[PDB]
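The form deposited without the RNA is given below as one chain in structure tokens.
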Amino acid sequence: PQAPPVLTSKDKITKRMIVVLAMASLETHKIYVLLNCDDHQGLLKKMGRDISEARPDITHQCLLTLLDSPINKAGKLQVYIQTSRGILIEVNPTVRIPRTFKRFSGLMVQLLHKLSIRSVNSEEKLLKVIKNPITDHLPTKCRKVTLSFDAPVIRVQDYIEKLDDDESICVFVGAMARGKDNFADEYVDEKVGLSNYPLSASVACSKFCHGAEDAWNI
């Protein structure tokens, strides 16, 4: 099938992997920039903020990792973003995330201000701010789990293979530098670890994609 239909929140049925990048650090400031600890340390200090929390680069790298993956190219992946200010974003699987941080910031600034980004020539949304909670958008049958260092370690393939034939898997991954992995406790009934080492979010995203790709023969 050279053309798998693009997965969106409107399909409640198709079995897929969903990744939610939670506590994402995406905040605009008119100086419009995305605030970040590399460029805006003095400012963040003056705002009384923990400098280390301003990490939009984490969300940027997780997006590049997830959207480049074989599972995305196979049409079996969705990504949502929950920012630390409570904004929910649905990412269209076909969207092109710029490699440079500068252009990613420009894109996110437009998204946060206009509330969507339309498809260039064709005219449907490539990124859209949507109403909370995430659970109004996920497939009807969908296992929900948080990835955490503090949790028992699983092999992704084992985990994925034990899903029912119609059951999606939604994984919540912290898009932050630090903090408790409690960001999705309202949504999940299970937490799993993927390694005996603390990982970056991009690595944890990558491990989970690889195990799904393997299990699903992608």
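Numbers for residues come from their place in the sequence shown, where the first is 1. In this text, rigid core is short for the largest set of C-alphas that superpose within 1.5 Å between two forms.
Heads up, the form deposited with the RNA bound isn't pictured, but that's what we're talking about next.
Visitor: Quick one: which of 149-157, 172-180, 22-30, 185-193 gets within 4.5 Å of the RNA in the entry with it bound, going by heavy atoms?
Guide: Of the stretches listed, the one contacting the partner is 172-180.
Visitor: Wondering, does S200 line up within 4.5 Å of the RNA in the entry with it bound on heavy atoms?
Guide: Yes, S200 lies within 4.5 Å of the RNA in the entry with it bound.
Visitor: Can any non-hydrogen atom of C37 be found within 4.5 angstroms of the RNA in the entry with it bound?
Guide: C37 belongs to the contact set for the RNA.
Visitor: Might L163 be said to contact the RNA in the entry with it bound, defining contact as any heavy atom within 4.5 Å?
Guide: No, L163 stays farther than 4.5 Å from the RNA in the entry with it bound.
Visitor: At 4.5 Å between heavy atoms, is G42 in contact with the RNA in the entry with it bound?
Guide: Heavy-atom contact with the RNA at 4.5 Å: present for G42.
Visitor: Run the contact test on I51, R55 and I58 with a 4.5 Å heavy atom cut-off to the RNA in the entry with it bound and return yes or no.
Guide: Yes, each of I51, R55 and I58 comes within 4.5 Å of the RNA in the entry with it bound.
Visitor: After superposing the rigid core, is the C-alpha displacement of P152 2 Å or more between the shown form and the other one?
Guide: Not so; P152 is displaced by less than 2 Å.
Visitor: Taking the rigid core as the frame, does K191 move its C-alpha by 2 Å or more between the shown form and the other one?
Guide: Superposed on the core, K191 moves its C-alpha less than 2 Å between the shown form and the other one.
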